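As structure tokens, one chain now follows by itself in the form deposited in one PDB entry.
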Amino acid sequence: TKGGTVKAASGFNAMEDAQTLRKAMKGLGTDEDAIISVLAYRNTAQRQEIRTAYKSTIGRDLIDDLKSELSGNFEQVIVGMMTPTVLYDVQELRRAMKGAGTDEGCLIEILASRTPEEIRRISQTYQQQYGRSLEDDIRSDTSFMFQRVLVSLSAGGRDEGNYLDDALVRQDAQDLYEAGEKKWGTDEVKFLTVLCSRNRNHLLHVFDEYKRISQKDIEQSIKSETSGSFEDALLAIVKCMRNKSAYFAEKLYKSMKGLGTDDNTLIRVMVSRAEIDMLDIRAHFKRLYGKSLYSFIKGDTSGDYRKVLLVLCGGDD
């Protein structure tokens, strides 16, 4: 409701911007500040217009030049900024599943937080780019109840609109309560059904009703009654249903708090949310953690990487 930090620029001149970028890179060394000064002050759509103008008017490829001139985390953020929105998510999902390891955290983050419509575009573009089914790769790289949550999210079939069937709210809450009170293991299918099928308004009512009948928040019961990546997936859905900006604020906190930094998560969240809800993220971060997002980034990063992340954040002195 406050929205993004990065906006479309006024006075946008793609041919000038292309020349600025060329001048920043031509010759020994690089003017990284000049690169930030353009790209962090244009939206993703405008950055694509710059790519086109750079090819047409400089006779070179902008992404290729950026990759040649930049390195490390700064390169990763800049090239991420230059990637069309859908394709960036596609590429992050592919990276999460490629080869031996599986980045379950990334799969959860994207699939829980994106809308069905966004996930349709992701699914189709993944197929077109790689000639692999996103669903098939999920089913190859994850298993059991966690897999079922990711498959459901990947299919985009959740109920929509805000219809309030209060009897079904009451039955859902009661079902979730009884699913936790079973003697020999939680009925995890009830959690899957309710949290993957029902509309948002419905779920917000279920959360409040569950608290009324159990005296526990649904997150408390998820934590005590489930485990592993399935637990994490359920919690992400709950958090996203309550407030997506708060979900992202927590991801940013966790990426930076204590020793070192989860740069892959910090980068993906800052790049993906800068134009959507970064101002809301900042507000929720401050409420949750009693410190500014800006100050966290400034204390955890350095160099040109810090500079660009602080423009994406906005703020603060």
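Numbers for residues come from their place in the sequence shown, where the first is 1. The term rigid core refers to the maximal set of C-alpha atoms that superpose within 1.5 Å between the two forms.
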Which is higher on mean Cα B factor in this entry, 69 to 77 or 174 to 182?
174 to 182
So 27 to 35 or 258 to 266, which one's hotter by mean CA B-factor in the entry?
258 to 266
Check the PDB entry and point out which of 221, 199, 91, 152 has the largest C-alpha temperature factor.
221
Taking the chain's C-alpha temperature factors as the reference, tell me which third residue 212 falls into: lowest, middle or highest.
highest
Considering every modelled residue of the chain and its Cα B-factor in the PDB entry, is residue 116 in the lowest, middle or highest third?
lowest
If you rank every modelled residue in this chain by C-alpha B factor, which third holds residue 310: lowest, middle or highest?
lowest
In terms of the chain's CA B-factor thirds, is residue 284 lowest, middle or highest?
highest
Among the modelled residues of its chain, the C-alpha B-factor of residue 130 falls in the third labelled middle
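One more form of this protein, deposited in another entry, exists but is not displayed; see below.
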Which of 81, 111, 236, 179 has its C-alpha displaced by 2 Å or more between the shown form and the other one after core superposition?
179
